[PDB]
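Engineer: So here's work_21.txt (compact mmCIF, C-alpha atoms).
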# COMPACT_ATOMS: atom_id res chain seq x y z
CA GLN A 140 11.77 -15.97 0.33
CA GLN A 141 11.05 -12.61 -1.37
CA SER A 142 11.17 -11.66 -5.03
CA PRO A 143 13.12 -8.62 -6.28
CA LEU A 144 11.71 -5.26 -5.23
CA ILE A 145 9.43 -3.58 -7.78
CA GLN A 146 9.43 0.22 -7.87
CA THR A 147 7.37 2.21 -10.39
CA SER A 148 6.03 5.77 -10.45
CA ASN A 149 4.17 8.13 -12.77
CA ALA A 150 6.76 10.82 -11.93
CA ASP A 151 8.10 12.21 -15.22
CA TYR A 152 10.22 15.03 -16.68
CA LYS A 153 8.12 17.63 -14.87
CA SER A 154 9.69 16.57 -11.58
CA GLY A 155 13.17 17.29 -12.96
CA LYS A 156 16.09 15.93 -10.94
CA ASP A 157 13.75 14.37 -8.35
CA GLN A 158 12.22 11.96 -10.87
CA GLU A 159 14.34 8.94 -9.92
CA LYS A 160 14.10 9.59 -6.16
CA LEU A 161 10.32 9.78 -6.50
CA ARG A 162 10.29 6.58 -8.54
CA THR A 163 12.19 4.72 -5.80
CA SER A 164 10.57 6.13 -2.66
CA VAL A 165 8.52 3.07 -1.63
CA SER A 166 10.23 -0.01 -0.22
CA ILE A 167 8.91 -3.32 1.14
CA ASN A 168 11.02 -5.84 3.06
CA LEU A 169 10.13 -9.16 4.64
CA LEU A 170 10.85 -9.30 8.37
CA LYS A 171 9.48 -12.75 9.28
CA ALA A 172 7.51 -15.45 7.59
CA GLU A 173 7.00 -17.90 10.43
CA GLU A 174 4.07 -19.80 11.93
CA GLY A 175 1.28 -19.10 9.47
CA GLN A 176 2.13 -15.43 9.80
CA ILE A 177 3.95 -12.86 7.64
CA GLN A 178 5.49 -9.65 9.01
CA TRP A 179 6.95 -6.98 6.78
CA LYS A 180 8.32 -3.46 6.78
CA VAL A 181 6.95 -0.76 4.46
CA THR A 182 9.19 2.30 4.11
CA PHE A 183 8.23 5.58 2.40
CA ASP A 184 11.00 8.04 1.58
CA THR A 185 9.02 11.28 1.85
CA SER A 186 11.94 13.68 1.54
CA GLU A 187 11.19 14.80 -2.05
CA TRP A 188 7.40 14.84 -1.71
CA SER A 189 6.71 18.21 0.04
CA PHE A 190 4.01 16.63 2.21
CA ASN A 191 4.62 19.33 4.84
CA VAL A 192 3.46 21.85 2.22
CA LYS A 193 0.73 19.78 0.51
CA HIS A 194 -0.32 16.60 2.26
CA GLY A 195 -0.28 13.11 0.78
CA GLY A 196 -1.55 9.63 1.57
CA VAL A 197 -0.23 6.09 1.69
CA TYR A 198 -1.81 2.72 0.86
CA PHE A 199 -1.14 -0.87 1.93
CA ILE A 200 -2.61 -3.47 -0.42
CA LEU A 201 -3.03 -7.00 0.81
CA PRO A 202 -3.67 -10.17 -1.24
CA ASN A 203 -6.21 -12.93 -0.91
CA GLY A 204 -5.01 -15.47 1.62
CA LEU A 205 -3.60 -12.91 4.09
CA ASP A 206 -5.50 -11.13 6.87
CA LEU A 207 -3.98 -8.07 8.52
CA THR A 208 -3.73 -8.55 12.26
CA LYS A 209 -1.51 -5.60 13.19
CA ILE A 210 -0.11 -2.44 11.61
CA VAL A 211 2.27 -0.17 13.53
CA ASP A 212 2.96 3.37 12.28
CA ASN A 213 6.18 5.38 12.25
CA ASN A 214 5.47 6.57 15.83
CA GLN A 215 5.10 2.97 17.06
CA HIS A 216 1.33 3.35 17.52
CA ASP A 217 -0.67 0.20 16.81
CA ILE A 218 -3.23 1.69 14.43
CA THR A 219 -4.86 -1.62 13.46
CA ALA A 220 -8.13 -0.71 15.17
CA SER A 221 -8.34 2.78 13.60
CA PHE A 222 -9.27 1.28 10.22
CA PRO A 223 -12.97 0.63 9.51
CA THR A 224 -13.99 -2.94 8.77
CA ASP A 225 -17.16 -2.09 6.81
CA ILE A 226 -16.58 -0.01 3.68
CA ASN A 227 -19.94 1.74 4.23
CA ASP A 228 -19.30 2.66 7.87
CA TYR A 229 -19.76 6.42 8.09
CA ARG A 230 -16.25 6.63 9.57
CA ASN A 231 -14.94 5.24 6.24
CA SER A 232 -16.07 8.36 4.38
CA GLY A 233 -14.04 10.49 1.97
CA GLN A 234 -12.06 12.63 4.35
CA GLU A 235 -11.45 10.36 7.32
CA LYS A 236 -7.76 9.72 7.97
CA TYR A 237 -7.99 5.91 8.03
CA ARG A 238 -9.94 4.20 5.27
CA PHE A 239 -10.53 0.62 4.23
CA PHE A 240 -11.59 -0.90 0.88
CA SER A 241 -12.26 -4.55 0.08
CA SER A 242 -12.89 -6.33 -3.21
CA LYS A 243 -15.46 -8.51 -1.44
CA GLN A 244 -17.59 -5.62 -0.13
CA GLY A 245 -17.57 -3.37 -3.18
CA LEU A 246 -15.76 -2.74 -6.45
CA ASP A 247 -17.19 0.50 -7.86
CA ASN A 248 -17.84 4.10 -6.83
CA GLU A 249 -15.83 6.23 -4.42
CA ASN A 250 -15.25 3.55 -1.76
CA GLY A 251 -14.83 0.78 -4.34
CA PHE A 252 -11.84 -1.53 -4.47
CA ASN A 253 -11.34 -1.00 -8.20
CA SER A 254 -11.72 2.76 -7.87
CA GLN A 255 -9.15 3.04 -5.10
CA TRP A 256 -6.78 0.72 -6.97
CA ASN A 257 -7.02 3.02 -9.98
CA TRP A 258 -6.23 6.04 -7.80
CA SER A 259 -3.25 4.33 -6.19
CA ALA A 260 -1.31 1.37 -7.56
CA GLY A 261 -3.05 1.83 -10.91
CA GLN A 262 -1.55 5.34 -11.27
CA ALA A 263 2.06 4.50 -10.42
CA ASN A 264 2.80 3.21 -13.95
CA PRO A 265 2.63 -0.37 -12.58
CA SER A 266 4.63 -3.06 -14.34
CA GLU A 267 3.18 -6.14 -16.01
CA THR A 268 3.77 -8.21 -12.87
CA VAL A 269 1.68 -5.84 -10.75
CA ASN A 270 -1.06 -5.53 -13.37
CA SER A 271 -1.11 -9.35 -13.54
CA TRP A 272 -1.74 -9.55 -9.79
CA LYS A 273 -4.77 -7.28 -10.33
CA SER A 274 -6.18 -9.02 -13.40
CA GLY A 275 -5.75 -12.39 -11.74
CA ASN A 276 -7.84 -11.21 -8.79
CA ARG A 277 -4.97 -11.97 -6.38
CA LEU A 278 -5.45 -8.74 -4.37
CA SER A 279 -8.37 -7.98 -2.12
CA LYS A 280 -7.89 -5.29 0.54
CA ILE A 281 -6.60 -1.71 0.59
CA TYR A 282 -5.72 0.18 3.79
CA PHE A 283 -5.36 3.95 3.31
CA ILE A 284 -3.95 6.72 5.54
CA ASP A 285 -4.69 10.33 4.57
CA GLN A 286 -3.08 13.54 5.83
CA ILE A 287 0.56 12.45 5.55
CA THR A 288 2.71 15.51 6.28
CA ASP A 289 6.12 14.02 7.14
CA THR A 290 9.37 14.96 5.43
CA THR A 291 11.47 12.00 6.59
CA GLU A 292 11.48 8.25 6.09
CA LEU A 293 8.22 6.77 7.34
CA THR A 294 8.30 3.10 8.31
CA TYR A 295 5.27 0.92 9.05
CA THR A 296 5.38 -2.66 10.33
CA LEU A 297 2.54 -4.95 9.20
CA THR A 298 1.67 -8.43 10.43
CA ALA A 299 -0.89 -10.67 8.76
CA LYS A 300 -2.27 -14.15 9.31
CA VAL A 301 -2.11 -16.63 6.45
CA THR A 302 -5.72 -17.69 5.98
CA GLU A 303 -5.24 -20.00 2.96
CA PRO A 304 -3.25 -23.00 4.18
CA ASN A 305 -2.55 -24.28 0.64
CA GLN A 306 -1.04 -21.02 -0.65
CA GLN A 307 2.67 -20.18 -0.69
CA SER A 308 2.82 -16.98 -2.78
CA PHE A 309 1.74 -13.61 -1.34
CA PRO A 310 2.02 -10.32 -3.26
CA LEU A 311 2.72 -7.25 -1.09
CA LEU A 312 2.24 -3.65 -2.31
CA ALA A 313 2.39 -0.16 -0.91
CA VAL A 314 1.63 3.17 -2.59
CA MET A 315 2.27 6.84 -1.81
CA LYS A 316 0.85 9.93 -3.52
CA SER A 317 0.67 13.67 -3.20
CA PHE A 318 -2.87 15.04 -3.23
CA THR A 319 -1.79 18.29 -4.94
CA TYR A 320 1.35 17.98 -7.03
CA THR A 321 0.90 16.35 -10.45
CA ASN A 322 3.06 15.01 -13.28
CA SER A 323 3.11 16.49 -16.81
CA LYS A 324 -0.19 14.69 -17.52
CA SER A 325 -1.83 16.49 -14.55
CA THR A 326 -2.14 13.26 -12.55
CA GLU A 327 -1.16 13.40 -8.87
CA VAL A 328 2.40 12.09 -8.48
CA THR A 329 2.15 8.48 -7.30
CA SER A 330 4.76 5.82 -6.47
CA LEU A 331 4.55 2.11 -5.77
CA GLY A 332 6.71 -0.51 -4.08
CA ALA A 333 5.96 -4.20 -4.47
CA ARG A 334 7.33 -7.64 -3.66
CA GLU A 335 6.03 -11.22 -3.66
CA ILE A 336 6.72 -13.40 -0.61
CA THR A 337 7.13 -17.16 -1.14
CA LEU A 338 6.80 -19.47 1.84
CA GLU A 339 7.31 -23.17 1.73
CA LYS A 340 4.90 -24.74 4.21
CA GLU A 341 6.19 -27.79 6.11
CA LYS A 342 4.73 -31.26 5.69
CA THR A 343 4.01 -32.58 9.21
Go through the file and emit its structure as structure tokens.
Structural biologist:
Amino acid sequence: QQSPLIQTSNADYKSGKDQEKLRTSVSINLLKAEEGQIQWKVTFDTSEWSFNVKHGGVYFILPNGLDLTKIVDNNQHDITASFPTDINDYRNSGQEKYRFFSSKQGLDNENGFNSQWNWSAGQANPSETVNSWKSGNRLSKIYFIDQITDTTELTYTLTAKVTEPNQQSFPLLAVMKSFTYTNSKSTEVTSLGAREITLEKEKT
């Protein structure tokens, strides 16, 4: 019901003996895939990221055919309603804590789906699989939380409604980045965790 976990990062020799920990900090795990509904757990190991010194952000990327109906943060707060629904809503601007981007509303510029992909999953040295999800236009929405300052494991629980009844395969991705610390190429350190969920929908 879930493919092997994918973990990639642009962390490199500059991060020394934290490179591998950084590379493997994002995890995604299926919790339920039941009645036209998928629930999963996104975990971010923040312990090597120094977010309490220089803050970071995290991203949840959802595919076509799924619609987020609930997201619960590491404090058990249902933050679903904190995210804008219109990418041009003034509360979706460039230093709000909760931002939303959607391939259907806009692709380019600062609040563009492609732009925010490039600054997140695109930067985490994504594998062919993950790049194929993007080039195949299988992904469509990005939920972003700024001002991450934790130093422990952060776990979020997402629930989404299956909106395409003839689809069984659902890519799930999450990304974390520092907004200050960079790799040897001067790009903000960024890590990705990814997994495809396969349902098999009953017949009758």
Engineer: Provide the atom CA of residue A:266 to atom CA of residue A:301 distance in Å, to one decimal place.
Structural biologist: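 These atoms are spaced 25.7 Å apart.
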Engineer: Near residue A:181, counting only C-alpha atoms, which residues have an atom at most 12 Å away, once you skip same-chain residues fewer than 2 positions from it, shown as an NGL selection string?
Structural biologist: :A and (144 or 164-170 or 178-179 or 183-184 or 197-200 or 210-213 or 292-298 or 311-315 or 331-334)
Engineer: Measuring atom to atom with all atoms listed in the file, identify which of A:189, A:160, A:180, A:174 is nearest to residue A:290.
Structural biologist: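 Among the listed residues, the smallest separation from residue A:290 belongs to A:189.
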Engineer: Of the residues A:190, A:237, A:196, A:202, which is the one nearest to residue A:275, using only C-alpha atoms?
Structural biologist: A:202
Engineer: Could you tell me which of A:156, A:280, A:316, A:193 comes closest to residue A:258 if we count all atoms listed in the file?
Structural biologist: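 Between A:156, A:280, A:316, A:193, the residue approaching residue A:258 most closely is A:316.
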Engineer: Pick from A:217, A:303, A:159, A:335: nearest to residue A:205, with only C-alpha atoms counted?
Structural biologist: A:303
Engineer: Ranking A:177, A:201, A:194, A:310 by minimum distance to residue A:268 and counting all atoms listed in the file, which one comes first?
Structural biologist: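 Ranked by minimum distance to residue A:268, first place goes to A:310.
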Engineer: Would you work out the distance separating atom CA of residue A:227 from atom CA of residue A:289, expressed in Å to one decimal?
Structural biologist: 29.0 Å
Engineer: Give me the residues within 8 Å of residue A:300 as a ChimeraX atom specification, counting all atoms listed in the file and dropping any in the same chain fewer than 5 places off.
Structural biologist: /A:175-177,205-208
Engineer: If I take atom CA of residue A:254 and atom CA of residue A:186, how far is one from the other in Å, to one decimal?
Structural biologist: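 According to the coordinates, atom CA of residue A:254 and atom CA of residue A:186 are separated by 27.7 Å.
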Engineer: Hey, which of A:218, A:286, A:256, A:248 ends up closest to residue A:319? Count all atoms listed in the file.
Structural biologist: A:286
Engineer: Identify, on the basis of all atoms listed in the file, every residue whose closest approach to stretch 259-265 of chain A does not exceed 6 Å; exclude the query and any residue fewer than 2 positions from it along the same chain; express the result as a PyMOL selection string.
Structural biologist: chain A and resi 147-149+256-257+269+329-331
Engineer: With all atoms of stretch 219-233 of chain A from the file as input, state the centre and edge lengths in Å to one decimal of the axis-aligned box that has 3 Å extra on each side, as AutoDock Vina command-line options.
Structural biologist:
--center_x -12.4 --center_y 3.8 --center_z 8.6 --size_x 21.1 --size_y 19.4 --size_z 19.2
Engineer: For residue A:325, list every protein, DNA or RNA residue within 12 Å, evaluated using all atoms listed in the file, and leave out those in the same chain fewer than 2 positions away; present the list as a PDB file with C-alpha atoms, in the frame of the given file.
Structural biologist:
ATOM      1  CA  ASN A 149       4.170   8.130 -12.770  1.00  0.00           C
ATOM      2  CA  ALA A 150       6.760  10.820 -11.930  1.00  0.00           C
ATOM      3  CA  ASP A 151       8.100  12.210 -15.220  1.00  0.00           C
ATOM      4  CA  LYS A 153       8.120  17.630 -14.870  1.00  0.00           C
ATOM      5  CA  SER A 154       9.690  16.570 -11.580  1.00  0.00           C
ATOM      6  CA  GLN A 262      -1.550   5.340 -11.270  1.00  0.00           C
ATOM      7  CA  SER A 317       0.670  13.670  -3.200  1.00  0.00           C
ATOM      8  CA  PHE A 318      -2.870  15.040  -3.230  1.00  0.00           C
ATOM      9  CA  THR A 319      -1.790  18.290  -4.940  1.00  0.00           C
ATOM     10  CA  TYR A 320       1.350  17.980  -7.030  1.00  0.00           C
ATOM     11  CA  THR A 321       0.900  16.350 -10.450  1.00  0.00           C
ATOM     12  CA  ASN A 322       3.060  15.010 -13.280  1.00  0.00           C
ATOM     13  CA  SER A 323       3.110  16.490 -16.810  1.00  0.00           C
ATOM     14  CA  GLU A 327      -1.160  13.400  -8.870  1.00  0.00           C
ATOM     15  CA  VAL A 328       2.400  12.090  -8.480  1.00  0.00           C
ATOM     16  CA  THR A 329       2.150   8.480  -7.300  1.00  0.00           C
TER      17      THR A 329
END
Engineer: Need the shell around residue A:339: protein/DNA/RNA residues with any atom at most 9 Å away, counting only C-alpha atoms. Skip same-chain ones fewer than 3 positions apart. Format as an mmCIF file with C-alpha atoms, in the coordinates of the input?
Structural biologist:
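Final file, result-v1.cif:
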data_model
loop_
_atom_site.group_PDB
_atom_site.id
_atom_site.type_symbol
_atom_site.label_atom_id
_atom_site.label_comp_id
_atom_site.auth_asym_id
_atom_site.auth_seq_id
_atom_site.Cartn_x
_atom_site.Cartn_y
_atom_site.Cartn_z
ATOM 1 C CA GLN A 140 11.770 -15.970 0.330
ATOM 2 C CA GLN A 306 -1.040 -21.020 -0.650
ATOM 3 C CA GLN A 307 2.670 -20.180 -0.690
ATOM 4 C CA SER A 308 2.820 -16.980 -2.780
#
